[PDB]
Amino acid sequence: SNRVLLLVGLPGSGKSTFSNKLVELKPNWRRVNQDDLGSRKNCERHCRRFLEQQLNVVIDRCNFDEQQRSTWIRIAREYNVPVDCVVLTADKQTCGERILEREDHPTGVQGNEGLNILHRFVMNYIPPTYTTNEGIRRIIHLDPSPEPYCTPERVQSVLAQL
């Protein structure tokens, strides 16, 4: 049956990379991203509309602590569907290098922001684990690929683990 999929990762970890590919390859999947959907109230609505059509839904947000993820777990329970999770394991170094690549942040005294931003997220980042009392069915950790782009095989490999 259909299921809700939580992406969890630092800025620049590759969450959009992955979720975009998934929805491209699989038409029974939809993607909730705030850069495309705006407010959270709006994201919740879309999420509800997709579950109403028994579609799978993937949540492209840092989802950096229990509170952030609950929103979606809560909606999933509403439609009696499970919630799995994909944690991107890319480290502060990797993300930092990716964020510099984009060169769209102020830079100089008071630091290069974006590295700052990353640092702020890092300090509030609580990924799901065995112990957190959240009601997630399965947590899979995903390591970075050599390739900047996400292969169909990579998507398949992830989905194959529930």
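We number the residues from 1 along the sequence you see.
- The mean C-alpha temperature factor is higher for 107-115 when 53-61 and 107-115 are set side by side.
- Annotation for 22-30 versus 62-70: the higher mean temperature factor (C-alpha) is found in 22-30.
- Residue set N124, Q93, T129, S39: peak C-alpha B-factor at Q93 (per PDB entry).
- Per the deposited record, the Cα B-factor of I136 falls in the middle third when ranked against the other modelled residues of its chain.
- Among the modelled residues of its chain, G9 has a C-alpha B-factor that falls in the lowest third according to the deposited record.
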